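J.: I am sharing upload.pdb, which consists of PDB, N, CA and C atoms:
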ATOM      1  N   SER A   1      94.690 125.314 -41.665
ATOM      2  CA  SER A   1      95.927 124.660 -42.072
ATOM      3  C   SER A   1      96.918 124.605 -40.921
ATOM      4  N   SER A   2      97.036 125.698 -40.170
ATOM      5  CA  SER A   2      97.937 125.713 -39.024
ATOM      6  C   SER A   2      97.520 124.672 -37.998
ATOM      7  N   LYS A   3      96.226 124.616 -37.700
ATOM      8  CA  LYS A   3      95.769 123.649 -36.716
ATOM      9  C   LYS A   3      96.048 122.228 -37.187
ATOM     10  N   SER A   4      95.813 121.961 -38.471
ATOM     11  CA  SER A   4      96.079 120.637 -39.019
ATOM     12  C   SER A   4      97.556 120.287 -38.919
ATOM     13  N   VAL A   5      98.426 121.248 -39.218
ATOM     14  CA  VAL A   5      99.859 121.007 -39.105
ATOM     15  C   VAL A   5     100.197 120.608 -37.679
ATOM     16  N   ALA A   6      99.668 121.360 -36.716
ATOM     17  CA  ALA A   6      99.942 121.053 -35.318
ATOM     18  C   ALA A   6      99.467 119.649 -34.976
ATOM     19  N   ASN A   7      98.268 119.299 -35.434
ATOM     20  CA  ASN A   7      97.693 118.010 -35.073
ATOM     21  C   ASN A   7      98.503 116.865 -35.663
ATOM     22  N   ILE A   8      98.910 116.996 -36.926
ATOM     23  CA  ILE A   8      99.697 115.939 -37.550
ATOM     24  C   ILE A   8     101.035 115.801 -36.844
ATOM     25  N   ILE A   9     101.627 116.923 -36.443
ATOM     26  CA  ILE A   9     102.872 116.858 -35.689
ATOM     27  C   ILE A   9     102.663 116.064 -34.411
ATOM     28  N   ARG A  10     101.600 116.394 -33.681
ATOM     29  CA  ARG A  10     101.326 115.726 -32.416
ATOM     30  C   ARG A  10     101.175 114.227 -32.619
ATOM     31  N   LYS A  11     100.429 113.842 -33.651
ATOM     32  CA  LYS A  11     100.160 112.429 -33.889
ATOM     33  C   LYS A  11     101.431 111.685 -34.271
ATOM     34  N   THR A  12     102.250 112.290 -35.129
ATOM     35  CA  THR A  12     103.509 111.662 -35.492
ATOM     36  C   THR A  12     104.381 111.478 -34.261
ATOM     37  N   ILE A  13     104.405 112.487 -33.392
ATOM     38  CA  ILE A  13     105.178 112.392 -32.161
ATOM     39  C   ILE A  13     104.706 111.203 -31.343
ATOM     40  N   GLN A  14     103.391 111.083 -31.179
ATOM     41  CA  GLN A  14     102.861 109.993 -30.372
ATOM     42  C   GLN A  14     103.223 108.641 -30.966
ATOM     43  N   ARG A  15     103.071 108.497 -32.282
ATOM     44  CA  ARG A  15     103.365 107.216 -32.914
ATOM     45  C   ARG A  15     104.824 106.841 -32.718
ATOM     46  N   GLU A  16     105.721 107.799 -32.931
ATOM     47  CA  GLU A  16     107.137 107.504 -32.776
ATOM     48  C   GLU A  16     107.465 107.157 -31.333
ATOM     49  N   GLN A  17     106.900 107.896 -30.379
ATOM     50  CA  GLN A  17     107.144 107.585 -28.980
ATOM     51  C   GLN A  17     106.715 106.165 -28.672
ATOM     52  N   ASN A  18     105.543 105.778 -29.162
ATOM     53  CA  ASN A  18     105.040 104.444 -28.880
ATOM     54  C   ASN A  18     105.955 103.386 -29.472
ATOM     55  N   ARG A  19     106.373 103.575 -30.722
ATOM     56  CA  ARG A  19     107.229 102.574 -31.347
ATOM     57  C   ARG A  19     108.561 102.463 -30.620
ATOM     58  N   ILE A  20     109.118 103.597 -30.200
ATOM     59  CA  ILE A  20     110.380 103.563 -29.476
ATOM     60  C   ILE A  20     110.211 102.847 -28.149
ATOM     61  N   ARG A  21     109.123 103.131 -27.441
ATOM     62  CA  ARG A  21     108.876 102.457 -26.176
ATOM     63  C   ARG A  21     108.728 100.958 -26.383
ATOM     64  N   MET A  22     108.087 100.557 -27.479
ATOM     65  CA  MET A  22     107.981  99.136 -27.787
ATOM     66  C   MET A  22     109.358  98.525 -27.984
ATOM     67  N   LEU A  23     110.163  99.126 -28.859
ATOM     68  CA  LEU A  23     111.496  98.589 -29.114
ATOM     69  C   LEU A  23     112.324  98.554 -27.838
ATOM     70  N   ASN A  24     112.089  99.503 -26.933
ATOM     71  CA  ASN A  24     112.859  99.561 -25.697
ATOM     72  C   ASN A  24     112.750  98.268 -24.906
ATOM     73  N   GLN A  25     111.656  97.533 -25.084
ATOM     74  CA  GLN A  25     111.383  96.396 -24.220
ATOM     75  C   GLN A  25     112.435  95.307 -24.364
ATOM     76  N   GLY A  26     112.979  95.121 -25.568
ATOM     77  CA  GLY A  26     113.928  94.044 -25.784
ATOM     78  C   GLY A  26     115.241  94.217 -25.051
ATOM     79  N   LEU A  27     115.602  95.447 -24.708
ATOM     80  CA  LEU A  27     116.876  95.736 -24.063
ATOM     81  C   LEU A  27     116.789  95.723 -22.550
ATOM     82  N   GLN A  28     115.627  95.403 -22.005
ATOM     83  CA  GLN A  28     115.482  95.313 -20.565
ATOM     84  C   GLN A  28     116.351  94.182 -20.033
ATOM     85  N   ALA A  29     117.022  94.436 -18.910
ATOM     86  CA  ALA A  29     117.850  93.434 -18.243
ATOM     87  C   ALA A  29     118.982  92.948 -19.157
ATOM     88  N   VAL A  30     119.893  93.871 -19.448
ATOM     89  CA  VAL A  30     121.134  93.561 -20.151
ATOM     90  C   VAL A  30     122.292  93.861 -19.209
ATOM     91  N   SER A  31     123.117  92.850 -18.948
ATOM     92  CA  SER A  31     124.194  92.936 -17.968
ATOM     93  C   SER A  31     125.498  93.252 -18.684
ATOM     94  N   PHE A  32     126.046  94.433 -18.421
ATOM     95  CA  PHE A  32     127.305  94.845 -19.028
ATOM     96  C   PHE A  32     128.116  95.563 -17.965
ATOM     97  N   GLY A  33     129.182  94.928 -17.502
ATOM     98  CA  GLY A  33     129.904  95.482 -16.376
ATOM     99  C   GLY A  33     128.912  95.735 -15.262
ATOM    100  N   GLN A  34     128.779  96.994 -14.869
ATOM    101  CA  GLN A  34     127.782  97.386 -13.885
ATOM    102  C   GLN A  34     126.485  97.852 -14.527
ATOM    103  N   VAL A  35     126.410  97.840 -15.852
ATOM    104  CA  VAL A  35     125.196  98.234 -16.553
ATOM    105  C   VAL A  35     124.229  97.065 -16.557
ATOM    106  N   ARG A  36     122.959  97.358 -16.308
ATOM    107  CA  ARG A  36     121.938  96.337 -16.199
ATOM    108  C   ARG A  36     120.725  96.592 -17.081
ATOM    109  N   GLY A  37     120.603  97.777 -17.669
ATOM    110  CA  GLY A  37     119.480  98.079 -18.533
ATOM    111  C   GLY A  37     119.780  99.288 -19.384
ATOM    112  N   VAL A  38     119.093  99.378 -20.519
ATOM    113  CA  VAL A  38     119.276 100.462 -21.475
ATOM    114  C   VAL A  38     117.906 100.957 -21.911
ATOM    115  N   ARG A  39     117.794 102.266 -22.109
ATOM    116  CA  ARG A  39     116.542 102.875 -22.526
ATOM    117  C   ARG A  39     116.818 104.037 -23.466
ATOM    118  N   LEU A  40     115.924 104.210 -24.428
ATOM    119  CA  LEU A  40     115.943 105.362 -25.321
ATOM    120  C   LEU A  40     114.894 106.345 -24.821
ATOM    121  N   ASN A  41     115.349 107.381 -24.129
ATOM    122  CA  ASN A  41     114.449 108.391 -23.606
ATOM    123  C   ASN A  41     114.081 109.375 -24.705
ATOM    124  N   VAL A  42     112.782 109.574 -24.896
ATOM    125  CA  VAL A  42     112.249 110.476 -25.909
ATOM    126  C   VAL A  42     111.409 111.523 -25.202
ATOM    127  N   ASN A  43     111.619 112.790 -25.547
ATOM    128  CA  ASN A  43     110.888 113.863 -24.895
ATOM    129  C   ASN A  43     110.599 114.971 -25.893
ATOM    130  N   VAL A  44     109.658 115.832 -25.527
ATOM    131  CA  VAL A  44     109.280 116.982 -26.336
ATOM    132  C   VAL A  44     109.873 118.224 -25.694
ATOM    133  N   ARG A  45     110.638 118.983 -26.469
ATOM    134  CA  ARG A  45     111.231 120.205 -25.952
ATOM    135  C   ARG A  45     110.153 121.239 -25.659
ATOM    136  N   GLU A  46     110.236 121.839 -24.471
ATOM    137  CA  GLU A  46     109.242 122.825 -24.064
ATOM    138  C   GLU A  46     109.226 124.004 -25.021
ATOM    139  N   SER A  47     110.410 124.465 -25.428
ATOM    140  CA  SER A  47     110.483 125.577 -26.363
ATOM    141  C   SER A  47     109.683 125.282 -27.618
ATOM    142  N   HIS A  48     109.595 124.011 -27.994
ATOM    143  CA  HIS A  48     108.816 123.602 -29.147
ATOM    144  C   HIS A  48     107.406 123.187 -28.785
ATOM    145  N   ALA A  49     107.195 122.666 -27.579
ATOM    146  CA  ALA A  49     105.842 122.330 -27.156
ATOM    147  C   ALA A  49     104.966 123.573 -27.125
ATOM    148  N   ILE A  50     105.487 124.655 -26.554
ATOM    149  CA  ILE A  50     104.713 125.885 -26.481
ATOM    150  C   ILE A  50     104.494 126.451 -27.874
TER     151      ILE A  50
ATOM    152  N   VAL B   1      67.064 142.650 -50.102
ATOM    153  CA  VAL B   1      66.446 141.350 -49.879
ATOM    154  C   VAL B   1      67.225 140.267 -50.612
ATOM    155  N   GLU B   2      67.558 140.520 -51.878
ATOM    156  CA  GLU B   2      68.295 139.497 -52.618
ATOM    157  C   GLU B   2      69.666 139.280 -52.001
ATOM    158  N   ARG B   3      70.313 140.359 -51.568
ATOM    159  CA  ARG B   3      71.613 140.247 -50.932
ATOM    160  C   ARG B   3      71.524 139.431 -49.655
ATOM    161  N   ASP B   4      70.478 139.652 -48.862
ATOM    162  CA  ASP B   4      70.310 138.907 -47.621
ATOM    163  C   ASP B   4      70.078 137.431 -47.899
ATOM    164  N   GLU B   5      69.276 137.124 -48.915
ATOM    165  CA  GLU B   5      69.071 135.726 -49.276
ATOM    166  C   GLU B   5      70.373 135.080 -49.731
ATOM    167  N   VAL B   6      71.129 135.775 -50.581
ATOM    168  CA  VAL B   6      72.397 135.233 -51.050
ATOM    169  C   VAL B   6      73.350 135.065 -49.882
ATOM    170  N   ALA B   7      73.299 135.985 -48.921
ATOM    171  CA  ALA B   7      74.141 135.880 -47.739
ATOM    172  C   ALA B   7      73.767 134.665 -46.905
ATOM    173  N   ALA B   8      72.471 134.390 -46.769
ATOM    174  CA  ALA B   8      72.055 133.187 -46.058
ATOM    175  C   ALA B   8      72.586 131.942 -46.753
ATOM    176  N   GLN B   9      72.452 131.897 -48.078
ATOM    177  CA  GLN B   9      73.007 130.783 -48.838
ATOM    178  C   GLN B   9      74.503 130.660 -48.598
ATOM    179  N   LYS B  10      75.202 131.786 -48.677
ATOM    180  CA  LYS B  10      76.645 131.811 -48.510
ATOM    181  C   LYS B  10      77.050 131.297 -47.136
ATOM    182  N   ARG B  11      76.390 131.800 -46.090
ATOM    183  CA  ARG B  11      76.647 131.348 -44.729
ATOM    184  C   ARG B  11      76.467 129.847 -44.615
ATOM    185  N   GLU B  12      75.384 129.325 -45.189
ATOM    186  CA  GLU B  12      75.169 127.886 -45.147
ATOM    187  C   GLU B  12      76.305 127.153 -45.842
ATOM    188  N   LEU B  13      76.735 127.656 -46.998
ATOM    189  CA  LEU B  13      77.811 126.995 -47.729
ATOM    190  C   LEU B  13      79.097 126.966 -46.917
ATOM    191  N   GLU B  14      79.456 128.084 -46.283
ATOM    192  CA  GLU B  14      80.693 128.059 -45.503
ATOM    193  C   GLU B  14      80.559 127.157 -44.288
ATOM    194  N   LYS B  15      79.392 127.136 -43.645
ATOM    195  CA  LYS B  15      79.236 126.251 -42.498
ATOM    196  C   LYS B  15      79.341 124.792 -42.926
ATOM    197  N   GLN B  16      78.729 124.442 -44.059
ATOM    198  CA  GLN B  16      78.880 123.092 -44.592
ATOM    199  C   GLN B  16      80.333 122.773 -44.898
ATOM    200  N   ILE B  17      81.028 123.688 -45.572
ATOM    201  CA  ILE B  17      82.422 123.451 -45.921
ATOM    202  C   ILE B  17      83.237 123.211 -44.661
ATOM    203  N   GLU B  18      82.998 124.019 -43.628
ATOM    204  CA  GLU B  18      83.695 123.848 -42.360
ATOM    205  C   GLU B  18      83.387 122.493 -41.743
ATOM    206  N   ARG B  19      82.131 122.054 -41.831
ATOM    207  CA  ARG B  19      81.749 120.789 -41.215
ATOM    208  C   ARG B  19      82.565 119.621 -41.753
ATOM    209  N   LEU B  20      83.161 119.763 -42.934
ATOM    210  CA  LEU B  20      83.989 118.724 -43.527
ATOM    211  C   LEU B  20      85.475 118.974 -43.318
ATOM    212  N   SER B  21      85.835 119.906 -42.437
ATOM    213  CA  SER B  21      87.212 120.385 -42.380
ATOM    214  C   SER B  21      88.128 119.442 -41.604
ATOM    215  N   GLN B  22      87.951 119.355 -40.292
ATOM    216  CA  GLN B  22      88.950 118.769 -39.413
ATOM    217  C   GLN B  22      88.277 117.946 -38.326
ATOM    218  N   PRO B  23      89.020 117.023 -37.685
ATOM    219  CA  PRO B  23      90.357 116.589 -38.112
ATOM    220  C   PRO B  23      90.231 115.776 -39.389
ATOM    221  N   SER B  24      89.191 114.951 -39.409
ATOM    222  CA  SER B  24      88.622 114.405 -40.633
ATOM    223  C   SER B  24      87.157 114.794 -40.609
ATOM    224  N   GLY B  25      86.702 115.471 -41.660
ATOM    225  CA  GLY B  25      85.406 116.118 -41.628
ATOM    226  C   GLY B  25      84.332 115.250 -41.010
ATOM    227  N   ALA B  26      83.848 115.681 -39.853
ATOM    228  CA  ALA B  26      82.909 114.926 -39.029
ATOM    229  C   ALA B  26      82.389 115.876 -37.953
ATOM    230  N   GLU B  27      81.695 115.323 -36.958
ATOM    231  CA  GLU B  27      81.122 116.127 -35.885
ATOM    232  C   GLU B  27      82.223 116.573 -34.936
ATOM    233  N   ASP B  28      83.210 117.284 -35.479
ATOM    234  CA  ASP B  28      84.416 117.623 -34.741
ATOM    235  C   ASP B  28      84.168 118.595 -33.597
ATOM    236  N   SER B  29      82.963 119.158 -33.486
ATOM    237  CA  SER B  29      82.705 120.164 -32.460
ATOM    238  C   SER B  29      83.097 119.659 -31.078
ATOM    239  N   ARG B  30      82.586 118.491 -30.691
ATOM    240  CA  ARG B  30      82.995 117.827 -29.463
ATOM    241  C   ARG B  30      83.631 116.470 -29.702
ATOM    242  N   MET B  31      83.505 115.913 -30.907
ATOM    243  CA  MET B  31      84.142 114.637 -31.205
ATOM    244  C   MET B  31      85.642 114.686 -30.964
ATOM    245  N   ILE B  32      86.267 115.847 -31.154
ATOM    246  CA  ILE B  32      87.706 115.986 -30.967
ATOM    247  C   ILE B  32      88.072 115.590 -29.540
ATOM    248  N   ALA B  33      87.505 116.308 -28.565
ATOM    249  CA  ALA B  33      87.779 116.017 -27.162
ATOM    250  C   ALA B  33      87.373 114.596 -26.808
ATOM    251  N   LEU B  34      86.210 114.158 -27.289
ATOM    252  CA  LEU B  34      85.764 112.798 -27.020
ATOM    253  C   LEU B  34      86.715 111.762 -27.601
ATOM    254  N   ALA B  35      87.529 112.148 -28.581
ATOM    255  CA  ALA B  35      88.451 111.237 -29.242
ATOM    256  C   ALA B  35      89.791 111.177 -28.526
ATOM    257  N   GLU B  36      90.392 112.336 -28.240
ATOM    258  CA  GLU B  36      91.697 112.305 -27.579
ATOM    259  C   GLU B  36      91.593 112.038 -26.082
ATOM    260  N   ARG B  37      90.508 112.462 -25.428
ATOM    261  CA  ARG B  37      90.390 112.216 -23.994
ATOM    262  C   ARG B  37      90.352 110.726 -23.683
ATOM    263  N   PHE B  38      90.041 109.895 -24.672
ATOM    264  CA  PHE B  38      90.090 108.450 -24.524
ATOM    265  C   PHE B  38      91.021 107.848 -25.568
ATOM    266  N   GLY B  39      91.678 106.754 -25.191
ATOM    267  CA  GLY B  39      92.638 106.109 -26.065
ATOM    268  C   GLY B  39      91.975 105.428 -27.244
ATOM    269  N   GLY B  40      91.259 106.208 -28.056
ATOM    270  CA  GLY B  40      90.571 105.687 -29.215
ATOM    271  C   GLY B  40      90.878 106.511 -30.452
ATOM    272  N   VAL B  41      90.327 106.052 -31.574
ATOM    273  CA  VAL B  41      90.511 106.710 -32.861
ATOM    274  C   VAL B  41      89.164 106.812 -33.556
ATOM    275  N   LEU B  42      88.987 107.900 -34.299
ATOM    276  CA  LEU B  42      87.761 108.090 -35.056
ATOM    277  C   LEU B  42      87.600 106.988 -36.092
ATOM    278  N   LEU B  43      86.407 106.393 -36.128
ATOM    279  CA  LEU B  43      86.128 105.363 -37.120
ATOM    280  C   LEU B  43      86.206 105.927 -38.533
ATOM    281  N   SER B  44      85.624 107.108 -38.752
ATOM    282  CA  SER B  44      85.672 107.715 -40.078
ATOM    283  C   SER B  44      87.109 107.932 -40.524
ATOM    284  N   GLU B  45      87.960 108.415 -39.618
ATOM    285  CA  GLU B  45      89.381 108.507 -39.928
ATOM    286  C   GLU B  45      89.963 107.131 -40.203
ATOM    287  N   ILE B  46      89.581 106.132 -39.409
ATOM    288  CA  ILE B  46      90.052 104.778 -39.671
ATOM    289  C   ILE B  46      89.647 104.356 -41.075
ATOM    290  N   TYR B  47      88.437 104.731 -41.497
ATOM    291  CA  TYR B  47      87.960 104.472 -42.849
ATOM    292  C   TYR B  47      88.236 105.639 -43.793
ATOM    293  N   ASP B  48      89.248 106.459 -43.500
ATOM    294  CA  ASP B  48      89.478 107.656 -44.304
ATOM    295  C   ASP B  48      89.860 107.305 -45.735
ATOM    296  N   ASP B  49      90.691 106.284 -45.915
ATOM    297  CA  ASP B  49      91.256 105.975 -47.220
ATOM    298  C   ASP B  49      90.434 104.971 -48.016
TER     299      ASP B  49
END
In C-alpha coordinates, how does this file's structure come out?
T.:
Amino acid sequence: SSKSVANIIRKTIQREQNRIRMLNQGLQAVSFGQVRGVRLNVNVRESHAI
Amino acid sequence: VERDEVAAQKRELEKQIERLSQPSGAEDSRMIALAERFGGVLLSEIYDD
(Lines of atoms letter the chains of each structure in order from A and count residues from 1; the text may use other names and numbers.)
(Lines give C-alpha, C1' and ligand atoms only; values in the text may rest on other atoms or scores of the structure.)
Protein backbone atom coordinates (compact mmCIF):
# COMPACT_ATOMS: atom_id res chain seq x y z
CA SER A 1 0.00 0.00 0.00
CA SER A 2 2.82 2.40 0.83
CA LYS A 3 4.56 1.71 -2.46
CA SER A 4 1.30 2.21 -4.35
CA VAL A 5 0.70 5.52 -2.59
CA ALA A 6 4.17 6.68 -3.58
CA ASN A 7 3.67 5.60 -7.18
CA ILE A 8 0.31 7.31 -7.56
CA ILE A 9 1.79 10.47 -6.08
CA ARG A 10 4.64 10.35 -8.58
CA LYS A 11 2.30 9.83 -11.52
CA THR A 12 -0.03 12.64 -10.49
CA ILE A 13 2.99 14.91 -10.15
CA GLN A 14 4.16 14.02 -13.64
CA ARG A 15 0.73 14.56 -15.19
CA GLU A 16 0.31 17.95 -13.56
CA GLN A 17 3.81 19.04 -14.55
CA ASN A 18 3.12 18.08 -18.15
CA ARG A 19 -0.20 19.90 -18.28
CA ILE A 20 1.33 23.03 -16.75
CA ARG A 21 4.21 22.94 -19.22
CA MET A 22 1.68 22.63 -22.04
CA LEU A 23 -0.35 25.61 -20.83
CA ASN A 24 2.90 27.56 -20.42
CA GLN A 25 3.35 27.57 -24.19
CA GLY A 26 0.62 30.13 -24.87
CA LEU A 27 2.30 32.81 -22.75
CA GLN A 28 5.59 32.68 -24.63
CA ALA A 29 6.62 36.07 -26.05
CA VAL A 30 4.35 38.47 -24.18
CA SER A 31 5.59 42.07 -24.19
CA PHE A 32 4.77 44.03 -21.04
CA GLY A 33 6.98 46.98 -20.25
CA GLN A 34 10.32 45.21 -20.06
CA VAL A 35 8.64 41.83 -19.53
CA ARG A 36 8.84 39.53 -22.53
CA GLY A 37 7.76 36.10 -21.26
CA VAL A 38 5.97 34.36 -18.40
CA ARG A 39 6.37 30.85 -17.00
CA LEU A 40 4.82 28.77 -14.24
CA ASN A 41 7.75 27.01 -12.61
CA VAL A 42 6.79 23.73 -10.95
CA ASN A 43 9.18 21.78 -8.75
CA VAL A 44 9.28 18.98 -6.19
CA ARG A 45 10.47 19.92 -2.72
CA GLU A 46 13.50 17.89 -1.68
CA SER A 47 12.18 17.54 1.86
CA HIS A 48 9.20 15.80 0.27
CA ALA A 49 11.08 14.04 -2.53
CA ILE A 50 13.19 12.16 0.00
CA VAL B 1 4.06 -34.02 5.88
CA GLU B 2 0.55 -32.59 5.71
CA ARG B 3 1.79 -29.30 7.14
CA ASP B 4 4.56 -29.13 4.54
CA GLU B 5 2.10 -29.80 1.73
CA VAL B 6 -0.28 -27.14 3.04
CA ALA B 7 2.69 -24.79 3.33
CA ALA B 8 3.61 -25.40 -0.30
CA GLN B 9 0.02 -24.64 -1.29
CA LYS B 10 0.06 -21.53 0.89
CA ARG B 11 3.35 -20.30 -0.57
CA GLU B 12 1.97 -20.74 -4.07
CA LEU B 13 -1.18 -18.82 -3.14
CA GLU B 14 0.74 -15.87 -1.75
CA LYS B 15 3.09 -15.79 -4.73
CA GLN B 16 0.08 -15.79 -7.07
CA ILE B 17 -1.62 -13.06 -5.05
CA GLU B 18 1.56 -10.98 -5.22
CA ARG B 19 1.84 -11.52 -8.98
CA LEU B 20 -1.42 -9.55 -9.31
CA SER B 21 -0.33 -6.77 -6.96
CA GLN B 22 1.50 -3.85 -8.57
CA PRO B 23 1.65 -1.55 -10.33
CA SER B 24 -1.15 -3.22 -12.20
CA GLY B 25 -0.88 -6.94 -11.62
CA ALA B 26 1.50 -8.11 -14.34
CA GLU B 27 5.12 -9.18 -14.83
CA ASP B 28 6.14 -6.28 -12.59
CA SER B 29 9.45 -7.93 -11.63
CA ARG B 30 11.29 -6.11 -14.42
CA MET B 31 8.34 -4.63 -16.32
CA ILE B 32 8.43 -1.71 -13.86
CA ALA B 33 11.91 -0.55 -14.87
CA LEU B 34 11.22 -1.40 -18.52
CA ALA B 35 8.15 0.86 -18.26
CA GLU B 36 9.49 3.99 -16.57
CA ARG B 37 12.97 3.86 -18.14
CA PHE B 38 11.16 4.55 -21.43
CA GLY B 39 8.46 7.11 -22.11
CA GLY B 40 5.78 4.44 -22.38
CA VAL B 41 2.83 3.02 -20.48
CA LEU B 42 1.80 -0.52 -19.67
CA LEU B 43 -0.80 -1.81 -22.11
CA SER B 44 -2.57 -3.77 -19.38
CA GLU B 45 -2.79 -0.58 -17.33
CA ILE B 46 -4.03 1.20 -20.44
CA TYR B 47 -6.68 -1.54 -20.61
CA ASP B 48 -7.12 -1.51 -16.82
CA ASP B 49 -10.71 -0.25 -16.82
J.: Among chain A, which ones does DSSP assign to helix (DSSP H, G or I) (computed from the backbone)? Answer as a VMD selection string.
T.: chain A and resid 2 to 27 46 to 49
J.: Counting only C-alpha atoms, a student should be able to say which residues of chain B come within 10 Å of chain A; what is the right answer, written as a PyMOL selection string?
T.: chain B and resi 21-24
J.: Can you measure atom C of residue A:37 to atom CA of residue A:24 for me? One decimal in Å is fine.
T.: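 Interatomic distance here is 9.4 Å.
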J.: Tell me, in Å to one decimal, how far atom CA of residue A:47 is from atom CA of residue A:19.
T.: 23.8 Å
J.: Residues at most 10 Å from residue B:32, counting only C-alpha atoms, excluding those fewer than 4 positions away in the same chain, as a list in words?
T.: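 Neighbouring residues, sequence-local ones excluded: residues 22, 23, 24, 26, 27, 28, 36, 37, 41 and 42 of chain B.
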J.: Hey, could you pull the box centre and edge lengths for stretch 27-41 of chain B, axis-aligned, 8 Å padding per side, all listed atoms, to one decimal in Å, as JSON?
T.:
{"center_x": 86.9, "center_y": 112.8, "center_z": -30.3, "size_x": 27.5, "size_y": 30.7, "size_z": 29.3}
J.: When you draw a straight line from atom N of residue B:38 to atom N of residue A:23, how long is it in Å?
T.: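 If I compute the distance from atom N of residue B:38 to atom N of residue A:23, I get 23.2 Å.
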J.: Can you pull out the residues contacting residue A:25? Cut-off 8 Å, using all atoms listed in the file, and skip same-chain residues under 4 positions away; I want them as a PyMOL selection string.
T.: chain A and resi 20-21+29+38-40
J.: Generate the output file for the selected residues, N, CA and C atoms, as a PDB file, keeping the file's coordinate frame.
T.:
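Final output, saved to result04.pdb:
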ATOM      1  N   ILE A  20     109.118 103.597 -30.200  1.00  0.00           N
ATOM      2  CA  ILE A  20     110.380 103.563 -29.476  1.00  0.00           C
ATOM      3  C   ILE A  20     110.211 102.847 -28.149  1.00  0.00           C
ATOM      4  N   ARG A  21     109.123 103.131 -27.441  1.00  0.00           N
ATOM      5  CA  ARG A  21     108.876 102.457 -26.176  1.00  0.00           C
ATOM      6  C   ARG A  21     108.728 100.958 -26.383  1.00  0.00           C
ATOM      7  N   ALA A  29     117.022  94.436 -18.910  1.00  0.00           N
ATOM      8  CA  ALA A  29     117.850  93.434 -18.243  1.00  0.00           C
ATOM      9  C   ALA A  29     118.982  92.948 -19.157  1.00  0.00           C
ATOM     10  N   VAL A  38     119.093  99.378 -20.519  1.00  0.00           N
ATOM     11  CA  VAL A  38     119.276 100.462 -21.475  1.00  0.00           C
ATOM     12  C   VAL A  38     117.906 100.957 -21.911  1.00  0.00           C
ATOM     13  N   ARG A  39     117.794 102.266 -22.109  1.00  0.00           N
ATOM     14  CA  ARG A  39     116.542 102.875 -22.526  1.00  0.00           C
ATOM     15  C   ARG A  39     116.818 104.037 -23.466  1.00  0.00           C
ATOM     16  N   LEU A  40     115.924 104.210 -24.428  1.00  0.00           N
ATOM     17  CA  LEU A  40     115.943 105.362 -25.321  1.00  0.00           C
ATOM     18  C   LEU A  40     114.894 106.345 -24.821  1.00  0.00           C
TER      19      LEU A  40
END
J.: Got a sec: who's within 12 Å of residue A:50, counting only C-alpha atoms, leaving out chain neighbours fewer than 5 positions off, as a PyMOL selection string?
T.: chain A and resi 6+44-45
